[PDB]
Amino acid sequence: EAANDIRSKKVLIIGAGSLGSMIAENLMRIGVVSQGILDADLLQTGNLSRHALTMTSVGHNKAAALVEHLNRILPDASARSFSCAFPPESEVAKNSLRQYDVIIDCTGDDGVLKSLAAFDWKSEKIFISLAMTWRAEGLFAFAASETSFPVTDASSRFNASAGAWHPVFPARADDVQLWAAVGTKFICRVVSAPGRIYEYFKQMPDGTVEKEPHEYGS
């Protein structure tokens, strides 16, 4: 349904780090041209082992540089940068964030969850939190369609779930790319059917991916 098509939705992504940058790129390539990207940190050389950007963006704000990359993917790309932390201090910035339909949290920070729950979004939004486990052995994937973010329930679900190719080893580019692909699919499924959803994915040593709750396959 066109009214449940993310390609027509404005999509804020709070956190232009490893997972957020790769998700933002995935969404831009499928046609999500109206993206907001919020991050106050600068890119550094140690980030490049697990990021969408290159050395040309080292020293630049992570949001501004990500938005430059995104606006080179498609002719109608209209990505916009917010070089600050959430929540903003300006009232203009807050009003700009309140124009986005889908608010996608990719920070891994519990304080950001608390800030989302406290911000006055002034209308119903499709909230989507996404983060990985410490060695990228799994992916927490929470979603909700409410005027205020449900921080308590999200935290509860996260706590309840809680060579170098092996998932137990530290995270590499391919680990984050795998969970950016699984999270982009989760983001598109949530927008197609909004509601309270929670899923926990797991990378296995044989190269397979599993989900809790189980849905497809044996």
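Numbering starts at 1 and runs along the sequence shown.
**Student:** Would you mind checking whether any residues of the deposited sequence sit unmodelled between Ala162 and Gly163, and how many (none, 1 to 3, 4 to 9, 10 or more)?
**Tutor:** The entry has a long gap there, with 10 or more residues left out between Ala162 and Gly163.
**Student:** Look up the CA B-factors in the entry and say which stretch, 133 to 141 or 71 to 79, has the higher mean.
**Tutor:** Comparing 71 to 79 with 133 to 141, the higher mean C-alpha B-factor belongs to 133 to 141.
**Student:** So 202 to 210 or 18 to 26, which one's hotter by mean CA B-factor in the entry?
**Tutor:** The stretch with the larger average C-alpha B-factor is 202 to 210.
**Student:** Can you tell me which of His60, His51, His166, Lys185 has the maximum CA B-factor listed in the PDB entry?
**Tutor:** Comparing C-alpha B-factors across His60, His51, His166, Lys185, the top value belongs to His166.
**Student:** Comparing against every modelled residue in the chain, figure out the third that the C-alpha B-factor of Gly36 lands in (lowest, middle or highest).
**Tutor:** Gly36: CA B-factor falls in the lowest third of its chain.
**Student:** Give the position of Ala65 by CA B-factor within its chain, expressed as the lowest, middle or highest third.
**Tutor:** Ranked within chain, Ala65 CA B lands in the lowest tercile.
**Student:** Comparing against every modelled residue in the chain, figure out the third that the C-alpha B-factor of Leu42 lands in (lowest, middle or highest).
**Tutor:** Answer is middle: the recorded C-alpha B-factor places it there.
**Student:** Just say lowest, middle or highest third for the CA B-factor of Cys106 relative to the other modelled residues in its chain.
**Tutor:** It falls in the bottom third of the chain.
**Student:** Splitting the chain's C-alpha B-factors into thirds, which one does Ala171 fall into?
**Tutor:** CA B-factor rank for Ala171: highest third.
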